[PDB]
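Reading through the structure tokens given below for one structure.
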Amino acid sequence: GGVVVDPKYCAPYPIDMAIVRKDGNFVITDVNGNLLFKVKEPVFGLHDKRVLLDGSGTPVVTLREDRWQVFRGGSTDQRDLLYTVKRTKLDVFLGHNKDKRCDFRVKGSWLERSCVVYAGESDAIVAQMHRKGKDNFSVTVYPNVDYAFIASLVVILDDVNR
């Protein structure tokens, strides 16, 4: 129940995330510094779409906007819809969920660096933010949890703050 984007983005040990900023084009890498994804606006003069790229520049997911849809790779087609995010904090429904139990939810505060992601029908914590051009927080992704999936929520939490 931890695979959302691709089972390949699921490690057997916890992965700490980090955001670094050099119009929301920034990077999320691990805390040692290795780039996990590059986050960018796909079109100049268009702030409602962002794309997560791996280090080869290949699109992993595309987020398109109080409501966001996240798509496979570099697409915005309904046939590539992975999940929808609705603004206790954020609720996450996978594509097949056409109705009203969340598959995941986000609670806590972005500015307090207390974001925590929970699996719906189990309430298991799958990711946890900790307060520390690096931003003032880390996000631990727990084993077998899809870290590309957690990265978009970070992207979405950052979208709401900005």
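Going by the structure tokens order, chains are called A, B, ..., each with residues numbered from 1, while ligands are numbered from 1 in the order shown.
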All helix (DSSP H, G or I) positions in segment 92-159 of chain A, as a list in words: residues 120, 121, 122, 147, 148, 149, 150, 151, 152, 153, 154, 155, 156, 157, 158 and 159 of chain A
With N, CA and C atoms retained, write the just-selected residues as a compact mmCIF listing (two decimals), in the first residue's frame.
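Wrote it out as result-v9.txt, contents follow:
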# COMPACT_ATOMS: atom_id res chain seq x y z
N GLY A 120 -4.66 6.34 4.68
CA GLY A 120 -6.03 6.44 5.11
C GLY A 120 -6.44 5.29 6.03
N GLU A 121 -7.08 4.28 5.45
CA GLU A 121 -7.61 3.08 6.11
C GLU A 121 -6.68 2.27 7.00
N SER A 122 -5.73 2.95 7.65
CA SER A 122 -4.80 2.29 8.57
C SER A 122 -4.24 3.35 9.54
N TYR A 147 8.66 7.52 -2.39
CA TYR A 147 9.19 8.87 -2.10
C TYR A 147 8.95 9.86 -3.24
N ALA A 148 8.54 9.38 -4.43
CA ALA A 148 8.22 10.37 -5.49
C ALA A 148 6.83 10.88 -5.12
N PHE A 149 5.99 9.97 -4.64
CA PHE A 149 4.67 10.43 -4.20
C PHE A 149 4.79 11.48 -3.07
N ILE A 150 5.58 11.19 -2.03
CA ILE A 150 5.72 12.17 -0.95
C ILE A 150 6.31 13.53 -1.43
N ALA A 151 7.21 13.47 -2.40
CA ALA A 151 7.85 14.66 -2.96
C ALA A 151 6.77 15.59 -3.59
N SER A 152 5.74 15.04 -4.26
CA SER A 152 4.75 15.95 -4.84
C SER A 152 3.94 16.63 -3.72
N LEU A 153 3.70 15.92 -2.61
CA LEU A 153 2.93 16.58 -1.57
C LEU A 153 3.75 17.77 -1.06
N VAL A 154 5.06 17.54 -0.92
CA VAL A 154 5.95 18.63 -0.52
C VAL A 154 5.79 19.76 -1.54
N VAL A 155 5.81 19.40 -2.82
CA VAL A 155 5.65 20.39 -3.88
C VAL A 155 4.31 21.12 -3.73
N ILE A 156 3.26 20.34 -3.46
CA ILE A 156 1.92 20.90 -3.25
C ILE A 156 1.85 21.74 -1.95
N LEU A 157 2.53 21.30 -0.87
CA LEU A 157 2.50 22.09 0.37
C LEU A 157 3.21 23.41 0.12
N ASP A 158 4.28 23.35 -0.67
CA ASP A 158 5.03 24.57 -0.98
C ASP A 158 4.14 25.47 -1.90
N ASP A 159 3.36 24.86 -2.77
CA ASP A 159 2.49 25.64 -3.69
C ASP A 159 1.51 26.45 -2.83
Non-local contacts of segment 79-90 of chain A (7 Å; only C-alpha atoms; under 6 positions in same chain excluded) as JSON, numbers by chain: {"A": [66, 67, 68, 69, 70, 71, 72, 105, 106, 107, 108]}
Create the file for the chosen residues now, containing N, CA, C and O atoms and written as a PDB file, in the first residue's frame.
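Saved to again-v1.pdb:
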ATOM      1  N   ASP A  66      -6.850  24.934  -4.833  1.00  0.00           N
ATOM      2  CA  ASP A  66      -7.552  24.183  -3.808  1.00  0.00           C
ATOM      3  C   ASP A  66      -7.662  22.702  -4.209  1.00  0.00           C
ATOM      4  O   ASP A  66      -8.064  21.844  -3.410  1.00  0.00           O
ATOM      5  N   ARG A  67      -7.303  22.406  -5.464  1.00  0.00           N
ATOM      6  CA  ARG A  67      -7.385  21.044  -5.973  1.00  0.00           C
ATOM      7  C   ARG A  67      -6.236  20.870  -6.958  1.00  0.00           C
ATOM      8  O   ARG A  67      -5.977  21.779  -7.751  1.00  0.00           O
ATOM      9  N   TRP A  68      -5.548  19.727  -6.902  1.00  0.00           N
ATOM     10  CA  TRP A  68      -4.426  19.444  -7.837  1.00  0.00           C
ATOM     11  C   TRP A  68      -4.596  18.039  -8.356  1.00  0.00           C
ATOM     12  O   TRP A  68      -5.041  17.143  -7.601  1.00  0.00           O
ATOM     13  N   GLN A  69      -4.240  17.828  -9.636  1.00  0.00           N
ATOM     14  CA  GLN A  69      -4.235  16.430 -10.141  1.00  0.00           C
ATOM     15  C   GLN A  69      -2.755  16.153 -10.460  1.00  0.00           C
ATOM     16  O   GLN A  69      -2.033  17.035 -10.930  1.00  0.00           O
ATOM     17  N   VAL A  70      -2.320  14.923 -10.215  1.00  0.00           N
ATOM     18  CA  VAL A  70      -0.918  14.554 -10.431  1.00  0.00           C
ATOM     19  C   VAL A  70      -0.974  13.426 -11.448  1.00  0.00           C
ATOM     20  O   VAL A  70      -1.736  12.465 -11.265  1.00  0.00           O
ATOM     21  N   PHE A  71      -0.170  13.581 -12.508  1.00  0.00           N
ATOM     22  CA  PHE A  71      -0.146  12.653 -13.637  1.00  0.00           C
ATOM     23  C   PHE A  71       1.166  11.929 -13.791  1.00  0.00           C
ATOM     24  O   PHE A  71       2.214  12.395 -13.333  1.00  0.00           O
ATOM     25  N   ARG A  72       1.099  10.789 -14.476  1.00  0.00           N
ATOM     26  CA  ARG A  72       2.310  10.027 -14.781  1.00  0.00           C
ATOM     27  C   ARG A  72       3.250  10.771 -15.738  1.00  0.00           C
ATOM     28  O   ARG A  72       2.816  11.325 -16.755  1.00  0.00           O
ATOM     29  N   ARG A 105      -3.583  11.212   3.875  1.00  0.00           N
ATOM     30  CA  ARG A 105      -4.000  12.572   4.254  1.00  0.00           C
ATOM     31  C   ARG A 105      -2.773  13.265   4.835  1.00  0.00           C
ATOM     32  O   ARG A 105      -1.874  12.604   5.379  1.00  0.00           O
ATOM     33  N   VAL A 106      -2.757  14.585   4.752  1.00  0.00           N
ATOM     34  CA  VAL A 106      -1.653  15.338   5.354  1.00  0.00           C
ATOM     35  C   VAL A 106      -2.257  16.252   6.442  1.00  0.00           C
ATOM     36  O   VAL A 106      -3.282  16.914   6.231  1.00  0.00           O
ATOM     37  N   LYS A 107      -1.622  16.257   7.610  1.00  0.00           N
ATOM     38  CA  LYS A 107      -2.074  17.103   8.730  1.00  0.00           C
ATOM     39  C   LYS A 107      -0.847  17.840   9.230  1.00  0.00           C
ATOM     40  O   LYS A 107       0.268  17.617   8.768  1.00  0.00           O
ATOM     41  N   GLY A 108      -1.042  18.729  10.201  1.00  0.00           N
ATOM     42  CA  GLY A 108       0.113  19.429  10.729  1.00  0.00           C
ATOM     43  C   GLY A 108       0.337  20.733   9.996  1.00  0.00           C
ATOM     44  O   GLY A 108      -0.430  21.075   9.102  1.00  0.00           O
TER      45      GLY A 108
END
Segment 36-161 of chain A: residues DSSP assigns to strand (DSSP E), reported as a ChimeraX atom specification: /A:36-40,49-53,59-64,67-72,81-86,90-94,104-107,116-119,125-131,137-141
Atoms kept (C-alpha atoms) for selection, written as a JSON list (two decimals), in the first residue's frame:
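File written: selection-v6.json
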[["chain", "number", "residue", "atom", "x", "y", "z"],
["A", 36, "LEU", "CA", 16.28, 13.14, -6.07],
["A", 37, "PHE", "CA", 14.08, 15.33, -8.38],
["A", 38, "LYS", "CA", 14.21, 18.69, -10.10],
["A", 39, "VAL", "CA", 10.95, 20.60, -9.73],
["A", 40, "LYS", "CA", 9.97, 23.08, -12.41],
["A", 49, "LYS", "CA", 1.71, 23.32, -13.71],
["A", 50, "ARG", "CA", 4.84, 21.90, -12.21],
["A", 51, "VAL", "CA", 6.84, 18.86, -13.27],
["A", 52, "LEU", "CA", 9.14, 16.63, -11.12],
["A", 53, "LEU", "CA", 12.15, 15.45, -13.15],
["A", 59, "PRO", "CA", 9.56, 13.73, -16.09],
["A", 60, "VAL", "CA", 8.45, 11.59, -13.15],
["A", 61, "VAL", "CA", 5.05, 13.19, -12.51],
["A", 62, "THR", "CA", 3.18, 16.34, -13.62],
["A", 63, "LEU", "CA", 1.03, 18.30, -11.12],
["A", 64, "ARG", "CA", -1.75, 20.47, -12.56],
["A", 67, "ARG", "CA", -7.38, 21.04, -5.97],
["A", 68, "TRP", "CA", -4.43, 19.44, -7.84],
["A", 69, "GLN", "CA", -4.24, 16.43, -10.14],
["A", 70, "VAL", "CA", -0.92, 14.55, -10.43],
["A", 71, "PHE", "CA", -0.15, 12.65, -13.64],
["A", 72, "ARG", "CA", 2.31, 10.03, -14.78],
["A", 81, "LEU", "CA", -4.09, 10.34, -13.67],
["A", 82, "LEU", "CA", -2.39, 8.88, -10.54],
["A", 83, "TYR", "CA", -4.22, 10.72, -7.70],
["A", 84, "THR", "CA", -6.06, 13.92, -6.78],
["A", 85, "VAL", "CA", -5.25, 16.19, -3.85],
["A", 86, "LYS", "CA", -7.93, 18.34, -2.16],
["A", 90, "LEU", "CA", -4.83, 17.72, 2.63],
["A", 91, "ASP", "CA", -6.65, 14.45, 1.62],
["A", 92, "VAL", "CA", -5.38, 12.17, -1.09],
["A", 93, "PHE", "CA", -7.54, 9.97, -3.33],
["A", 94, "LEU", "CA", -5.95, 7.63, -5.85],
["A", 104, "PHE", "CA", -3.60, 9.24, 2.47],
["A", 105, "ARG", "CA", -4.00, 12.57, 4.25],
["A", 106, "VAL", "CA", -1.65, 15.34, 5.35],
["A", 107, "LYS", "CA", -2.07, 17.10, 8.73],
["A", 116, "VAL", "CA", 2.92, 14.39, 8.62],
["A", 117, "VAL", "CA", 1.47, 12.13, 5.92],
["A", 118, "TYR", "CA", -0.81, 9.25, 6.95],
["A", 119, "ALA", "CA", -2.23, 6.26, 5.01],
["A", 125, "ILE", "CA", 2.42, 7.48, 9.19],
["A", 126, "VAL", "CA", 4.24, 7.16, 5.85],
["A", 127, "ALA", "CA", 6.28, 10.45, 6.04],
["A", 128, "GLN", "CA", 7.26, 12.94, 8.70],
["A", 129, "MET", "CA", 8.69, 16.47, 8.46],
["A", 130, "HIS", "CA", 11.31, 17.65, 11.01],
["A", 131, "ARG", "CA", 12.47, 21.26, 11.56],
["A", 137, "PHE", "CA", 13.10, 21.34, 7.34],
["A", 138, "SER", "CA", 13.66, 17.66, 6.47],
["A", 139, "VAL", "CA", 11.01, 15.07, 5.55],
["A", 140, "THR", "CA", 11.62, 11.42, 6.47],
["A", 141, "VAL", "CA", 10.00, 8.94, 4.09]]
